[PDB]
């Protein structure tokens, strides 16, 4: 599914502190800045280069 | 540069030039800048300053206890050879 089955995604460290807790469309927005489009349905990407 | 006689390169850009403007002025900037918000002494992190263990050693505590007790069976007597 295209994000509709997810509330949010995030990267979290040992203190419960989220560095990027985002709703699916906003998460996808960050990816669009990286590959100029979206990955296929249900595929989520995170850049930590 | 090459100059060629008799067609010589004018000896200057001369006095017929069109002064187009007097807009030459950069007005000096005068300003007062204040960055003064209350600062609170602390920031929260997940972890700072820790040098986490990649493997620990094996560790242990110790105990013993008891007494000295025993049930025994002995070899029989034998004829002594020599001496």
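Note that we place each Cβ from the backbone using ideal geometry, even for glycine, and neighbour counts take in every protein chain shown. None of the figures in this text is laboratory data; all of them are computed from the coordinates on show.
Assuming residue B:47 fulfils every condition listed in (1) surrounded by 10 or more Cβ atoms within 10 Å (Cβ to Cβ); (2) farther than 30 Å from residue A:13 by Cβ apart from one, which condition is it?
Condition (2) is where residue B:47 drops out.
Could you tell me whether the range A:10-19 includes any residue that is more than 22 Å from residue B:45 (Cβ to Cβ) and either away from chain B (no Cβ under 14 Å) or not in a helix (DSSP H, G or I) (or both)?
No, that holds for no residue.
Suppose the filter is without any contact (Cβ under 8 Å) to a residue 40 or more places away in the chain and either more than 20 Å from residue B:46 (Cα to Cα) or in a loop (DSSP other than H, G, I, E, B) (or both); does residue A:1 pass it?
So residue A:1 fails the test.
For residues that are part of a loop (DSSP other than H, G, I, E, B), surrounded by 13 or more Cβ atoms within 10 Å (Cβ to Cβ) and either within 14 Å of chain B (Cβ to nearest Cβ) or out of contact with any strand residue (DSSP E or B) (no Cβ under 9 Å at 6 or more places or on another chain) (or both), tally how many sit in the range A:20-44.
Total meeting the criteria: 4.
Inspect the range B:18-27 for any residue being without any contact (Cβ under 8 Å) to a residue 12 or more places away in the chain, in contact with a strand residue (DSSP E or B) (Cβ under 8 Å, 6 or more places away or on another chain) and loosely packed, with under 10 Cβ neighbours inside 10 Å and give the result as yes or no.
So far as the range B:18-27 goes, no, none of its residues is without any contact (Cβ under 8 Å) to a residue 12 or more places away in the chain, in contact with a strand residue (DSSP E or B) (Cβ under 8 Å, 6 or more places away or on another chain) and loosely packed, with under 10 Cβ neighbours inside 10 Å.
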